Amino acid sequence: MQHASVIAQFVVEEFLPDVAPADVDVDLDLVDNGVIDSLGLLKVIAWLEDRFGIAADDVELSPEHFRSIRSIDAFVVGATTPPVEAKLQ
Ligand SMILES: *P(=O)(O)OCC(C)(C)[C@H](O)C(=O)NCCC(=O)NCCS
């Protein structure tokens, strides 16, 4: 897990940026925020894939992928771990 704090900040900042993301239990299943799994996922995959040019086929989309931030961290780290100071819309 590299820059794991950025991953929580990346997802948490999108939902609650007025709250310190490092002060949020990053152990919460993003499923509650599943709102991003469909509407945000379409925008994130289209924008995120374009930014790194990663084909969606490389990874399958499913609710289990958002079950926990740690699970996603492994898939992202296994392919690419891009650290960012803040989430870009
Ligand atoms: P949302 O809560 O409608 O997304 C829920 C899940 C993740 C179950 C979604 O239906 C799914 O099967 N996975 C992602 C599908 C997808 O490509 N989303 C973009 C347009 S819905």
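Residues numbered from 1 in each chain as written, not as in the entry; some residues may be left out. Heavy atoms only, no water.

This entry, as listed in the PDB, derives from solution NMR.

Where the PDB entry is consulted, the protein appears under the name Peptidyl carrier protein, with the organism given as Micromonospora sp. TP-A0468. According to its PDB record, this entry is titled "Solution Structure of KstB-PCP in kosinostatin biosynthesis".

A. Quick look at the UniProt feature "domain: Carrier" (unreviewed entry) in the protein. In this numbering, the UniProt entry assigns the feature "domain: Carrier" (unreviewed entry) to residues 2-80. Each end of residues 2-80 is marked by a C-alpha atom, and these two atoms are 10 Å apart; helix forms 52% of the span and strand 0%. (UniProt positions renumbered as here; feature names shortened; annotations may be inferred. Helix = DSSP H or I, 4+ residues; strand = E, 2+ residues; numbered from the N terminus.)

B. The environment of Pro17, seen in detail. Among the secondary structure elements, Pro17 is positioned in the loop between α1 (4-15) and α2 (35-52). Along the backbone, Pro17 and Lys87 are 70 residues apart, and their C-alpha atoms lie at a distance of 10.0 Å.

C. The arrangement of the site of the ligand in detail. Close contacts around the ligand come from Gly34, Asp37, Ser38, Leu42, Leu61 and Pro63, and that covers them all. Here an oxygen atom of the ligand and a side-chain polar atom of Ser38 are 2.5 Å apart. Here the ligand has 490 Å² of accessible area as a free molecule, and 49% of this is covered by the chains. Tallied by class, residues from the shell around the ligand come to 3 nonpolar, 2 polar and 1 charged. (Near = heavy atom within 4 Å. Polar contact = N/O pair within 3.5 Å; in protein donor to acceptor, adjacent residues only side chain to side chain. Areas by Shrake-Rupley, 256 points an atom, 1.4 Å probe, with all protein chains shown as cover. Nonpolar A, V, L, I, M, F, W, Y, C, P; charged D, E, K, R; others polar.)

D. Here's a closer look at the packing of aromatic side chains. Scanning the entire structure with this criterion turns up 1 aromatic pair. Here the aromatic rings of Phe10 and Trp47 are separated by 6.3 Å at their centres, their planes lie at 25 degrees, and the arrangement is stacked. With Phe10 in helix α1 and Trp47 in helix α2, this pair connects stretches of sequence that are 37 residues apart. The class for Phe10 is buried, based on a relative accessible area of 17%. (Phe/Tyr/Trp six-rings, centres within 6.5 Å; stacked < 30°, edge-to-face > 60°. Buried < 20%, exposed > 50% of the residue type's maximum accessible area, 1.4 Å probe, protein only.)

E. Main features of the nonpolar core. Counting 10 residues, the largest nonpolar core is built from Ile7, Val11, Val12, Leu30, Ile36, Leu41, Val44, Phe66, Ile69 and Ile72. Every element with two or more residues in this core is listed here: α1, α2 and α3 (69-79). Residues contacting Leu30, with those up to four places away along its chain left out, are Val11, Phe66, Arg67, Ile69 and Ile72. (Core = buried A, V, L, I, M, F, W, Y, C linked by side-chain atoms within 4.5 Å. Contact = heavy atoms within 4.5 Å.)

F. Up close: the pattern of salt bridges. Summed over the entire model, instances satisfying the criterion amount to 1 salt bridge. For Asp29, the salt bridge identified is with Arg67, shortest N-O distance 3.7 Å. Taken together, the positions of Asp29 in the loop between α1 and α2 and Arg67 in the loop between α2 and α3 put the pair 38 residues apart, joining distant regions of the chain. (Salt bridge = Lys/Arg side-chain N within 4 Å of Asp/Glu carboxyl O.)

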